[PDB]
Every structure is written in C-alpha cells, then in structure tokens.
Amino acid sequence: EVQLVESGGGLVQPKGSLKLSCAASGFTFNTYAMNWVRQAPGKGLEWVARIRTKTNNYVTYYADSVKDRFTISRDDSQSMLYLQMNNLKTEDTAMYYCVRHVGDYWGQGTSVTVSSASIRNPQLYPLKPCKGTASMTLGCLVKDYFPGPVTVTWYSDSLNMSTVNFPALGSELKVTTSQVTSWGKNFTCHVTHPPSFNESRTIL
Amino acid sequence: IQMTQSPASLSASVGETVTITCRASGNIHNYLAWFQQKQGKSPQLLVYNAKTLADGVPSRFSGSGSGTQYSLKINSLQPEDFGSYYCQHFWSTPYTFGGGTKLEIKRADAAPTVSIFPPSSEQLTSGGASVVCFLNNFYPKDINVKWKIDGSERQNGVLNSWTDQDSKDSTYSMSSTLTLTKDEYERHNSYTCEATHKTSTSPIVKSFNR
C-alpha cells in the first residue's frame, strides 16, 4: 500500500542544477523522518541527506560530500519530499532513492547523470535467427544509448513467455540486449529512454 | 562512525547457513539495519535494531550481534536470497552504509545453450554490424567466449554482460556482442560463437552471409 514515486531526474551538465521530487502515498507523511540515499553506477550505496519532522523543526543532516552543495526540503501539505542539488559534480552521477526512517520503504529510484556529453537516443535493432535455422528464441538490441536507463519491456501474443533483460555495458555510450524464449506468432520490444523515446520494433 | 563489512563475496548451496559480519568504528548501540538489494531493484529491509525482524521478511533471516560488531545469519538458504547485503547504522550523523556482500547461490554446474543471431539489415545500412550470441542457463558464471571470424580469433572488440542468477534455477545467463564495421562484415563470410566451460569442448554456433 505504501508507495514512493521519484521524478525529475536525468542528464544535468556539470556545475548545474537539478531538483528531485519524492511523491509519497499510503501513509502519514508529516510523522516520519525522510532520508535520501544514492548509489553509484555499479558501486555500493551511500547516504546523502535526511529531514526530521515538524515536531523537531525540520532538522537536516547532510553528508560531508555534498555539505554545501545540496539542499533537502519537504512539504507535508502536499506530501512530497524534495532534494535540490546545486553545483553538481561529475562524481554525483548516481541513482537516488528516497527512503522513510531507517529504510522501511524505499522508492523505485531515479537516475541522475552529471555529464558534458549529449543525450543520444538509442538505436534499436531486431535480432532474429537466419531463415532455415528456426529456433525457440529471439531478441532485440539497443545500441548507442546515453544516458541510462533504457526501459525495455516485451509484448507478445503467446500467453506463456520468458524474457531476460541483460545489463547495460557502457560508460560513455552504453549498449544493452534482451532475449526472449518461445514458450507455449509475433512479438515486439518497447524501448523507453528517459528523454521521451517511446519507440518499438516488432519481430515476426 | 564508519562501517566495515565481511565477507565481500560468499557462495553457499541451498540449505547451508551463512553468517555475514559487519564491524563499526565505535559503539552504535544496536542502531544497525540490514538490507537485501537484488540487481536492478530497490533495496528491501531485512533486520532493524540489530536483531528485530521486519514484516514480510521470513524467519530464516536471523539477525544477531551487539556492541560494536554485528552479524546476520541466514539458515536454510532459499534460492531467492541471491544479491548483495548492506549494513547501515543510525546512531550518529552521518549514517554510513556498508561495503556490501555478494551472495552467490552455489549450484550444480550446467553447460550453456548457445544461440547466435545475425546482424540486421537496418544496422548494415547504418554503416556498422553487430553479431549477438546468447548463452542461457549455465553455471558457473565464469565462461570464456571467443568470437571467430573465418577461423580467426577476434576478441579485439566485444561487449559481454551477465544476468543475475535466476530466482529459481540459480543459473547465470550471458550476452556477447561483436561490433564491427560493415566493410569487415562483407569481407569475411564465416562467423562463429564459441563458449568454453565445464566440458573442454566448446558449444559453438556458426553462421554464413548466405
């Protein structure tokens, strides 16, 4: 029942600004102490900020890494938590999760990339076996995509299906593939890049 | 107060009990919490206040410890407990996290299934060509994939990625892509995917332009 939606994250050039919103629902907002937590592209987690309740007069604690650069804030009226990031360094490139108290409930997270390069929307290619070598498998390819993450989901006519999403291999221009196992006539992979790339290609 | 966690990587089969320890810089007074984070998913709380379990967390996830050192014992390891585990304290600001522990579900070794997929025409018109080979349902994770073009090893440019262990089978899966220019694709007519683990003979899948 308790849900936490994070929004407003994406590509932000260094020495810039970005604002992150954690829209909460399913519990009393003004009674809990809200924290933020980030995680590097492949490294471990890290605590960034915390905001206490109105009874504690909105006490805020920041980590020494973003001490003077970040600014947390909350609005218990609309039940949303905000984190304002200023003077963004390249090291801050991470995925940010908003969490409640000691971590009872976490969010889906939103990816923030601090880079000087430009968003290159993905180039999705179909992958099918050569005719005459029909097999119980298929897949799609997502080449030259920056920045993460790519939302690749599969829609097929056969009820039973098996889909496996592979990790994105890249640091400057990423690439990811995704396989499907024919279990149980056509299929399509819907790729979705954060700067509005709602595109898909079908294989039959 | 910073936290150090041990071990960094553990591997035990289904049913064997494991014990991850987490040390601290000082006395955090039972303000620690354990999280399980599966790959590409949000973390989930396991144990809070050193030993108190959380709702929905099964009873096999016994927490333990006191003072400046804490531990986490998982008896009867289920195949759905793969992933990394973190320890965080809440005594003093800043609330430092832990290093992490990659828990691999050890399983009986299995040979891979190799399927090779030829480059699409749309990519060929774009000026490049990438051949993708999918290896699924294999254990262990360590595998040697060598791409051969007309009988010549071409490991110069390849992008390999490993999926997380399947929740039930505890099996790994991998994708290997060979990216080359269109001029190179027309020059050579034979392309093969070779994977070497378990049995020395390499499960291979080849293709030709025609």
# chains A, B, ... in the order shown; residues from 1 in each chain; ligands from 1

call {"tool": "interface_residues", "arguments": {"of": "chain B", "to": "chain A", "cutoff": "7 Å", "atoms": "only C-alpha atoms", "output": "PyMOL selection string"}}
result
chain B and resi 42-43+45+93-97+99-100+117-120+123+159+161-163

call {"tool": "residues_around", "arguments": {"residues": "residue 24 of chain A", "least_positions_apart": "5", "cutoff": "7 Å", "atoms": "only C-alpha atoms", "output": "list in words"}}
result
residues 3, 4, 5, 79 and 80 of chain A

call {"tool": "closest_residue", "arguments": {"among": "B:72, B:180, B:50, B:204", "to": "residue 135 of chain B", "atoms": "only C-alpha atoms"}}
result
B:204

call {"tool": "closest_residue", "arguments": {"among": "A:142, A:191, A:180, A:173", "to": "residue 177 of chain B", "atoms": "only C-alpha atoms"}}
result
A:142

call {"tool": "decode", "arguments": {"residues": "segment 67-79 of chain A", "atoms": "N, CA, C and O atoms", "output": "mmCIF file, in the first residue's frame"}}
result
data_model
loop_
_atom_site.group_PDB
_atom_site.id
_atom_site.type_symbol
_atom_site.label_atom_id
_atom_site.label_comp_id
_atom_site.auth_asym_id
_atom_site.auth_seq_id
_atom_site.Cartn_x
_atom_site.Cartn_y
_atom_site.Cartn_z
ATOM 1 N N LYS A 67 28.071 18.755 1.414
ATOM 2 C CA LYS A 67 27.672 19.534 2.585
ATOM 3 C C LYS A 67 27.104 20.894 2.193
ATOM 4 O O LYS A 67 26.025 21.284 2.655
ATOM 5 N N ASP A 68 27.815 21.632 1.346
ATOM 6 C CA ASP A 68 27.404 22.977 0.966
ATOM 7 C C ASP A 68 26.686 23.028 -0.374
ATOM 8 O O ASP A 68 26.251 24.108 -0.784
ATOM 9 N N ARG A 69 26.541 21.898 -1.061
ATOM 10 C CA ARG A 69 26.005 21.903 -2.416
ATOM 11 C C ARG A 69 24.546 21.481 -2.499
ATOM 12 O O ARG A 69 23.809 22.012 -3.335
ATOM 13 N N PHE A 70 24.107 20.553 -1.661
ATOM 14 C CA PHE A 70 22.759 20.011 -1.736
ATOM 15 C C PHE A 70 21.847 20.697 -0.726
ATOM 16 O O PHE A 70 22.300 21.285 0.258
ATOM 17 N N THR A 71 20.543 20.620 -0.988
ATOM 18 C CA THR A 71 19.550 21.258 -0.124
ATOM 19 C C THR A 71 18.283 20.413 -0.128
ATOM 20 O O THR A 71 17.577 20.356 -1.139
ATOM 21 N N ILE A 72 18.000 19.768 1.002
ATOM 22 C CA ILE A 72 16.804 18.954 1.159
ATOM 23 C C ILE A 72 15.675 19.825 1.696
ATOM 24 O O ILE A 72 15.896 20.843 2.359
ATOM 25 N N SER A 73 14.443 19.414 1.410
ATOM 26 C CA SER A 73 13.259 20.149 1.834
ATOM 27 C C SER A 73 12.046 19.245 1.676
ATOM 28 O O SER A 73 12.043 18.319 0.859
ATOM 29 N N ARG A 74 11.012 19.529 2.465
ATOM 30 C CA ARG A 74 9.791 18.737 2.454
ATOM 31 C C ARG A 74 8.582 19.654 2.564
ATOM 32 O O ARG A 74 8.653 20.738 3.149
ATOM 33 N N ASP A 75 7.469 19.203 1.988
ATOM 34 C CA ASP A 75 6.186 19.897 2.079
ATOM 35 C C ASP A 75 5.153 18.874 2.543
ATOM 36 O O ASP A 75 4.615 18.114 1.732
ATOM 37 N N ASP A 76 4.878 18.858 3.850
ATOM 38 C CA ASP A 76 3.925 17.899 4.398
ATOM 39 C C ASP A 76 2.498 18.173 3.945
ATOM 40 O O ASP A 76 1.652 17.277 4.036
ATOM 41 N N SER A 77 2.209 19.385 3.466
ATOM 42 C CA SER A 77 0.873 19.678 2.959
ATOM 43 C C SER A 77 0.557 18.827 1.735
ATOM 44 O O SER A 77 -0.453 18.116 1.701
ATOM 45 N N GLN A 78 1.419 18.880 0.721
ATOM 46 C CA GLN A 78 1.242 18.093 -0.491
ATOM 47 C C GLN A 78 1.854 16.700 -0.391
ATOM 48 O O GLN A 78 1.714 15.912 -1.333
ATOM 49 N N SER A 79 2.525 16.384 0.720
ATOM 50 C CA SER A 79 3.129 15.068 0.950
ATOM 51 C C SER A 79 4.160 14.730 -0.128
ATOM 52 O O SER A 79 4.109 13.674 -0.762
#
